[PDB]
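Participant: First the structure, which I've put down as structure tokens, then a few questions once you've had a look.
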Amino acid sequence: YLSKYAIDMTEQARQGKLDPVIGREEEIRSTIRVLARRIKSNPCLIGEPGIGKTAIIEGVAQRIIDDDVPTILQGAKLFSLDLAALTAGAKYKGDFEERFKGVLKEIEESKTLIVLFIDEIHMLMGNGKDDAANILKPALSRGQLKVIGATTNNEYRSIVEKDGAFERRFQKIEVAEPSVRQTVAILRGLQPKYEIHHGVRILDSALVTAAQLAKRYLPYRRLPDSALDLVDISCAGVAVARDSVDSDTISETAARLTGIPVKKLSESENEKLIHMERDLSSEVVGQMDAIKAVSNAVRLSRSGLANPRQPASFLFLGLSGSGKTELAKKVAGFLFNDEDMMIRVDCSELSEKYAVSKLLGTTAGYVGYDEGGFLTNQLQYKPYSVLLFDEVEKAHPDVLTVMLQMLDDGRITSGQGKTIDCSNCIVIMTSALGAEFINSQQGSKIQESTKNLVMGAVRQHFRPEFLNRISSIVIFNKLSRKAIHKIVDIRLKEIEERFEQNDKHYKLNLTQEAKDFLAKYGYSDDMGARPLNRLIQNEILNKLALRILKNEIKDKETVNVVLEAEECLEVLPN
Amino acid sequence: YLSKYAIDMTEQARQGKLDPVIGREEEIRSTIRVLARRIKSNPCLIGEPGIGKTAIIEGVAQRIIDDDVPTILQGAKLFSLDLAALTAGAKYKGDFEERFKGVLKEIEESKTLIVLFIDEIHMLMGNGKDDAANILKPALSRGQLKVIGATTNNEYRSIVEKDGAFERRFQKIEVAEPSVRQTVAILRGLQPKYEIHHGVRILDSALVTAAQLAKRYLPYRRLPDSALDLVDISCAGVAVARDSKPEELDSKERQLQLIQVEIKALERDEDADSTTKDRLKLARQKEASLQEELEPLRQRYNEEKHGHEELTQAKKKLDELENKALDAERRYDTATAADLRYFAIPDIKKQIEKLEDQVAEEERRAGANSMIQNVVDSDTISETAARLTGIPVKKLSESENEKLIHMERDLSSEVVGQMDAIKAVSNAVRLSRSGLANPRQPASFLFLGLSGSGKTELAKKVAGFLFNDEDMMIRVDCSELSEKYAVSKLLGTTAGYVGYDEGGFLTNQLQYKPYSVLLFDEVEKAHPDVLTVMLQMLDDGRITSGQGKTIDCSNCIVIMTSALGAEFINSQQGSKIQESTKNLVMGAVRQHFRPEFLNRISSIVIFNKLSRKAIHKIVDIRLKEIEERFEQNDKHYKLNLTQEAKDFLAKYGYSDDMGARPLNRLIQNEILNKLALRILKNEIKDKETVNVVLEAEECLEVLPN
Ligand SMILES: Nc1ncnc2c1ncn2[C@@H]1O[C@H](COP(=O)(O)OP(=O)(O)OP(O)(O)=S)[C@@H](O)[C@H]1O
Ligand SMILES: Nc1ncnc2c1ncn2[C@@H]1O[C@H](COP(=O)(O)OP(=O)(O)OP(O)(O)=S)[C@@H](O)[C@H]1O
Ligand SMILES: Nc1ncnc2c1ncn2[C@@H]1O[C@H](COP(=O)(O)OP(=O)(O)OP(O)(O)=S)[C@@H](O)[C@H]1O
Ligand SMILES: Nc1ncnc2c1ncn2[C@@H]1O[C@H](COP(=O)(O)OP(=O)(O)OP(O)(O)=S)[C@@H](O)[C@H]1O
């Protein structure tokens, strides 16, 4: 067997239709340290899939065919003849190894000094630890020549990396995530031929952009692949458009994944974090301090002093006035524009300081399921979520402490091991029980004595590391009387859009006197604070239904109409 | 290859007969752009099957054929195929990958960017791993030519789970489905093609509105398909309706045969002399005469029907050419407008809608053609749906709205006073159905406190009122395990893990009755994995399932069940409930599922203890109840002593907890076998009444004779 599943290349390097992309040369030089390397003749290279681990090996050939490098190994076999020949040898069983053995003689004793390479070590050895690919490999490898595979790390690879045939054999030397600046030098070097065969012409600055931005925000698809897409994405519009710019190639992409790039293309970071801050003021008023308290490590977030792995967040004081938990996540969204952030864990099951039920729960060693599948998964999902807490934590101090780990420091104690990060994750434990002392309010604001003390009563309540680090504060005077009121127009403008504003432009009117009557009643002293939404909607939504029933009128309206006496009964006519 | 059977239609699609699918362009456009990708151009779209989809590819193929593009791109053509054809349609066993080998250079020889493809074929994978052209898959990249297949969502994952590099060497996009309404514009625009098939008139809105409940009444035909079926079935009820005068075909024709044989068979006959010939003459007279009034008349229908079918063929004609006329654009600009001018059309349609105009204009007596050939608004559809479903104009004719507005008074008529409970829900429901919640937000609530309470029935009946359904029904076990819901909810086997089952009551039919009943049960019951799913299950826009991995929550009905009124019931001393009892009731569970879900709750509101002036009615159903349906009038008798009778068992009736539910069984079984007795002998078989008399509790009751 000769050329069939093989990658005949060095020629395609020697004739050179290959397009050089020159990455990190070191591990190659490291790899070059193979040529006569013996004891363990080779390392490996472990990336995630998309990184050109072999494009390296391709670039290696560029390091090779171009010669003027060590000719200690000079004559060449680089070519990977596996493919699927594993099962794809013939019409029946047993020839897989033949399929390589049919390779063996047409690969017989080496004139050409160059070891070749097959893909993964798990493309190597077929399934792994199977006869496929001549499971035992001194005799050729210590023998005519060698080969190389490569993959991503641990488990499947680790198993055969412990002993098997690699007991004597290769290490792994792993290029990084494609780094910062070169990536345009990459990209711009990618430019000329790739961009020359892509379309039109081009200029720098945009090239910088998604580079940053794929690097940004884009752990999945971190690789230029998207730019490489953006590349084709680029010509996509215009070359078409010309058949009959601004990084706005990136825009619709950044529209695609973000939902608008004006979300992604957007407040840059830091001033704009502060602009974010003032836009969160724009969001919700109430204690500016609360805002400002929340504003604190905003700047410290992502900027770092000791680590970004610092958790930066604004420890919550459990209560719900307006933005409260909600906007706290909304801002947390309004950080990343992503509302979704993190869920809540019911701490009910968490009652003790231990259970099989924990945010980790199981270790994944033995039968069961993952408890707290969130950060199990939520990071598998997503970086930089909100968090989840309770005014009485019924949670296990275990994890709380195991998160006091992640609490004080940044990296969290991954139960299964893999603090994939704490980078942008900045969130604040939400607890307070002092409601009856929280009940201490007069006027629009509270002077602090109580707020020291139940604080104190809590300050020592659950032990200090909790209450030790992580400054910022959350304060509740609630709404005094009106100020919340503006929420209505929100509440209003929560309406029309949700489906289509088109449905009803009718936009009505709120007759503050009602909104008073609405609010004054409608939401408790304590809270009672949701329903008027859930409510006033209705009797109105009746008219909605109603005026949608027999249907004489269509307009954009202003309602502003109202009369136990507890009901003056708003309504609205045609 | 020719042997490999290019399905190239770009020829017939040069002839352009299969016609311009619309709306996914933008995708396609960009997808096309994707299909032009410098690096890997091969995505797919995935989802529900069949239907508009290859048509996209075709529509794609159109814009392809439509030329103007980046240079490379119209340097292409295509084909499609089946090796499924060529499976044995090529050769003897072993040839799966066979002809690809030709295809290889066949591709690579001189060939421009021409691309055959077929869709799920890319699955290959009868079972396990085929990989033949997956061998070629790199050899594709070797071949350096796009091809693309298409599957559902369902497959490729497992496949890419098996393959990896597959879509790693590919891309995707996905079925968005057409825009429900605007779908019709196409469908509208489909008519001009589609009409001509069986040419008739068309009334739009029906079709649309048809599509609506077509979709509604039959979801599980995909957004076009169901219409396409209408579209079809339209032509169907049309079809023999385009048999000329099928009734008046055989109806009046008889007048011949009626009087025909006797034209001679009386000529010789044993009758009174010469009156034989008289009846032979006088009916042949009416045979001659009466024939005449329709004798040209039936033709001039059919004539002008032909005149339709004449013009219909011009209707048939015009486009054909117009197609062909616009294929001469593939003749470049040489024959673009040249022919396109020669076809004129100032008039060619000014011909058309002014031609059959008159005969459409002229109404015979009324309605012009009994051919009626046109959209027949539901009718056909009704019939369609009928043939699909049945049940009449009530089921078939409705508005929302109008369908809705009264429901209460009906719903009132259905069970209990609960005017509020009615009203609340009603509204809530009405208010649901209003500008609604968007499919994402669902519709649910709860009563409590009693069994025998009919709120199910209510809802059940509401579903009737909604869906005509007592058909759509859900029974949610909850308490029945904590570790439960393998079966019930998604779990079952949701991983394809072991022994595949899941959504046991649910997933199985869950989807396939999109139109929602649903339950929750008597209390917190067993387990929070409710809260788990009931999160999603309530959570707006819930999409999950086993391996379909999707709820698609549109029709949103559970409301739900639960109850504990134990004290509260008994606590309640009167018909209407005592205030704050509810509040006392409130905390009960609402502590459990907590504001997050309390918010997540739409609302929950419960039934009274409504007793007797109630029951004074309520009993009433039972009589009417059967009778109301019963059979269809075997003999079918009024049979009642009513407030006399009924009360007195209504006296027995109320079980406290259960009411007469047993008595429901126990009422009639009394009366019944006597029916057989009153079936047998010495009887009176009309509608009669009951008898009721009195031991102390032991009471005569029984029946007339
Ligand atoms: N300067 C460079 N040096 C080395 N490799 C590069 C360079 N620029 C781009 N590449 C890689 O070249 C690859 C060519 O495609 P493939 O290698 O098939 O995809 P890949 O997944 O990156 O390769 P693997 O999986 O890492 S071996 C791209 O995916 C890039 O990751
Ligand atoms: N402008 C606002 N005014 C009042 N409440 C708001 C406002 N914006 C959001 N919310 C609330 O944000 C809540 C989510 O955060 P939480 O702090 O948990 O509230 P809560 O603890 O449920 O008690 P509430 O919100 O005061 S009734 C929702 O219940 C909303 O009522
Ligand atoms: N002008 C049009 N605009 C939109 N859709 C159209 C148009 N004309 C036809 N269709 C749809 O095209 C489909 C018929 O082509 P199909 O053969 O079904 O494509 P496809 O083969 O169904 O995709 P697959 O292969 O079945 S999964 C029907 O669903 C029609 O609704
Ligand atoms: N007109 C009616 N009004 C009230 N309840 C009725 C009526 N007709 C029948 N029912 C009973 O109401 C029950 C229907 O379920 P629901 O609406 O939940 O009330 P429920 O009785 O609490 O549920 P059950 O009795 O546990 S099945 C059945 O027991 C029916 O027999």
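Laboratory data are not the source of any read-out in this text; all were calculated from the coordinates shown. As a convention, Cβ positions derive from the backbone with ideal geometry for all residues, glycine included, and neighbour counts pool all protein chains shown.
Participant: Give me a comma-separated list of calculated 3J(HN,Hα) values for segment B:490-505, in order, Karplus coefficients 6.51, -1.76, 1.60 applied at θ = phi - 60°, integers in Hz, x for any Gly or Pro.
Facilitator: In residue order, the calculated couplings are 3, 4, x, 10, 9, 9, x, 5, 9, x, 3, 7, 3, x, x, 4 Hz.
Participant: Can you compute the charge dipole magnitude of the protein assembly as shown about its Cα centre, using +1 on each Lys and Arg Cβ and -1 on each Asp and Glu Cβ, nothing else charged? Give it in debye, rounded to the nearest 20.
Facilitator: 3360
Participant: As an exercise, identify the chymotrypsin sites (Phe, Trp or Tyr not before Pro) in segment A:74-115 lying in DSSP coil whose Cβ has no more than 10 other Cβ atoms within 10 Å.
Facilitator: Passing both the DSSP loop test and the Cβ count: A:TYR92.
Participant: Would you please give the FRET efficiency between B:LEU388 and B:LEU436, computed as 1/(1 + (r/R0)^6) with r the Cβ-Cβ distance and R0 = 25 Å, to the nearest 0.05?
Facilitator: 0.45
Participant: Still on this structure: What does the C-alpha gyration tensor say about the overall shape of chain B? Classify as rounded when a/c is under 1.5, otherwise prolate if a/b is larger than b/c, or oblate.
Facilitator: oblate
Participant: For a test of the definition: using alpha carbon positions, the gyration tensor, and the 1.5 limit on a/c, classify segment A:403-558 as rounded, prolate or oblate.
Facilitator: It is oblate, given that a/c is not under 1.5 and a/b is not larger than b/c.
Participant: Distance between Cα centroids, segment B:450-517 to segment A:110-186: provide it in whole Å.
Facilitator: Between the Cα centre of segment B:450-517 and that of segment A:110-186, the gap is 52 Å.
Participant: Go through B:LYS93/B:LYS172; A:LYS162/A:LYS215; A:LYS543/B:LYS461; B:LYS394/B:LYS455 and tell me which ones have a Cα-Cα distance over 28 Å in this structure.
Facilitator: Violating the 28 Å Cα-Cα cut-off are B:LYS93/B:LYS172; A:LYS162/A:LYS215.
Participant: Now a separate question. Counting pairs of alpha carbon atoms under 8 Å apart in space and at least six apart in sequence, what relative contact order in percent does segment B:464-559 give?
Facilitator: Over segment B:464-559, the number comes to 30 percent.
Participant: Return the whole-Å distance between the Cα centroid of segment B:630-705 and the Cα centroid of segment A:254-314.
Facilitator: Between the Cα centre of segment B:630-705 and that of segment A:254-314, the gap is 76 Å.
Participant: Okay, next question. Averaged over peptide B:35-46, how many Cβ atoms belonging to another chain are found within 10 Å of each residue's Cβ?
Facilitator: The per-residue average across the peptide is 3.
Participant: Show me the ranking of peptides A:273-280, B:516-523, B:259-266 by mean Cβ neighbours inside 10 Å, starting with the highest.
Facilitator: Taking the mean over residues of other Cβ atoms within 10 Å, the ranking is B:516-523, A:273-280, B:259-266.
Participant: Apply the a/c threshold of 1.5 to the C-alpha gyration tensor of segment B:586-705 and tell me whether it is rounded, prolate or oblate.
Facilitator: Cα axes put segment B:586-705 in the prolate bin.
Participant: Right, here's the next one. Output the relative contact order of segment B:82-212, whole-number percent, from Cα pairs under 8 angstrom with separation of 6+ residues.
Facilitator: That works out to 20 percent.
Participant: Turning to a different aspect of this structure: Within a 10 angstrom radius of the beta carbon, how do B:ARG188, B:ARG268 rank from fewest other beta carbons to most?
Facilitator: Placing the least packed residue first, the sequence is B:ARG268, B:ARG188.
Participant: Can you pull out the GluC sites (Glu not before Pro) in segment A:149-219 that DSSP calls coil and that have at most 14 other Cβ atoms within 10 Å?
Facilitator: When the GluC sites (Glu not before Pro) of segment A:149-219 are filtered for loop state and at most 14 Cβ neighbours within 10 Å, A:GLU155, A:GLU167 remain.
Participant: Once the piece of chain linking B:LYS349 and B:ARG365 is laid out straight, how much longer is it, given 0.36 nm per residue of separation minus the C-alpha distance between them?
Facilitator: Values: separation 16, 0.36 × 16 = 5.76 nm, distance 2.73 nm.
Between B:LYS349 and B:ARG365, full extension yields an extra 3.0 nm.
Participant: Sort A:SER524, B:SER451 so that the residue with the fewest other Cβ atoms within 10 Å of its own Cβ comes first and the one with the most comes last.
Facilitator: With the sparsest Cβ surroundings first, the list reads A:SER524, B:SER451.
Participant: What does the net charge come to around A:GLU108 if you take all other residues with beta carbon closer than 15 Å to its beta carbon, with K and R at +1 and D and E at -1?
Facilitator: With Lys, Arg at +1 and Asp, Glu at -1, the net is +2.
Participant: Same structure, new question: Would you list the P(r) distribution for segment B:347-420, with all Cα-Cα distances sorted into 5 Å bins from 0 and each bin expressed as a whole %?
Facilitator: Going from the shortest bin to the longest, the percentages are 4, 11, 12, 12, 12, 12, 10, 9, 6, 4, 4, 3, 1, 0.
Participant: Can you list the GluC sites (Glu not before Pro) in segment A:322-362 that are in a DSSP coil and have 15 or fewer other beta carbons within 10 angstrom?
Facilitator: Those that pass, being in a loop and sparsely packed, are A:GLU339, A:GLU352.
Participant: Using only atoms on other chains, find how many Cβ atoms lie within 10 Å of each Cβ of peptide A:77-88 and report the average. Can you show the working numbers first?
Facilitator: Working: counts 0, 0, 0, 0, 0, 0, 6, 8, 1, 1, 4, 6.
Across A:77-88, the average partner-chain Cβ count within 10 Å equals 2.
Participant: Compute the signed sum of charges (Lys and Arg +1, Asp and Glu -1) over the other residues within less than 13 Å, Cβ to Cβ, of A:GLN405.
Facilitator: Neighbourhood net charge equals -1.
Participant: Which net charge results for the neighbourhood of A:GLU252, defined as the other residues with beta-carbon distances under 14 angstrom from its beta-carbon, given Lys and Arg at +1 and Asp and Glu at -1?
Facilitator: Local net charge: -1.
Participant: Please report, in Å, the Rg and the Dmax of the protein assembly as shown, where both are computed over Cα atoms only.
Facilitator: Looking at the protein assembly as shown, its Cα Rg and Dmax stand at 38.9, 132 Å.
Participant: When a footprinting reagent is the concern and you count Cβ atoms within 10 Å, what order do A:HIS485, A:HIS197 take, fewest first?
Facilitator: A:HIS197, A:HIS485
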